[PDB]
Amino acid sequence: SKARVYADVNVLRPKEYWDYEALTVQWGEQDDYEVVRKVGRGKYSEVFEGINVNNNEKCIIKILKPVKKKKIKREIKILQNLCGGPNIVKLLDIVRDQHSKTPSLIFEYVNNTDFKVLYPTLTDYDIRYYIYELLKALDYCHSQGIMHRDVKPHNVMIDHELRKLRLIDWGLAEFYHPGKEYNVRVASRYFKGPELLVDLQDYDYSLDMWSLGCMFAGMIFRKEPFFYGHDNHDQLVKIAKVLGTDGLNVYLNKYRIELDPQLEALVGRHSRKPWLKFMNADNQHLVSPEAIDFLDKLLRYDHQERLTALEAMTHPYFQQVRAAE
């Protein structure tokens, strides 16, 4: 399998563009930035609202938990490549504590409203608009040869007053190289594509479009997360209990993957459930024919059949957002 778009971006650029192991970091000044308050955390980082002591402007201090130096240069190299891209978080500086050489990444600050509080607030138009702003970031980073591999609401910062969106936490992002077999232990479980759950390792940018579809279904159906598996086997069962197992079988046969017998028995056999079966009084105002048609074209087993980010942006679901632009 091979990406249908942007497959050659890294082939044609000089090796220094994608050769992140060879990057040499020019370290800033650790004392330029002071922690104000903790803002977030994850397996690999703690994140703080900071202040730039020179201009007194806010910033984000991302202190990286101890990991292999490779993962560090990878995130830095990707952030440098994407800086200036539409709705990509801007890496401002890189610093380290002198005694322990623990590195910190400095970013612009987004006055985010956490999605668990923000999303139930959003109007139908607001959903269209913010998903459109996210699509801009994905099309750009795909066009620059990079897969984010961790799309989820936790990684989309939104200042709802300024209507500003940033795609954050590029610590799992990776360069796309046609034919390369990647680690399927990426993304967060509820947003892993089927390709990750059946150990199809030569995936591509289209993985991010499944994750986006999961996010989007969660928003319009107000079912968060939309596919709620307990572990990685269960997560595929939950998908197959919606898309149907017939579609799963042709996917597996087309890319010549056999499921593990334990996983195969767990999936069983299920007919496809139409998207309207998730509508209720609460989400009804958000579930129009165009939203459904758009969601249907993201959540396909076959990663080659899903919309690209560029195609998604032209879907008639977004026509009113494009017209405002």
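In case it trips you up, residue 1 is the first one in the sequence shown, and so on.
Set 257 to 265 against 45 to 53 and average the Cα temperature factors; 257 to 265 ends up higher. Comparing 274 to 282 with 290 to 298, the stretch with the higher mean C-alpha B-factor in the PDB entry is 274 to 282.
Among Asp246, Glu133, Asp124, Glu75, the highest C-alpha B-factor recorded in the PDB entry belongs to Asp246. When the C-alpha B-factors of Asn81, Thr102, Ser211, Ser143 are ranked from the entry, the top spot goes to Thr102. Per-chain ranking of the deposited C-alpha B factor places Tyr317 in the lowest third. Among the modelled residues of its chain, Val9 has a C-alpha B-factor that falls in the middle third according to the deposited record. In the PDB entry, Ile61 places in the lowest third of its chain by CA B-factor. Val89 sits in the lowest third of its chain by CA B factor, as recorded in the PDB entry. Among the modelled residues of the chain, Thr24 sits in the highest third by CA temperature factor in this PDB entry.
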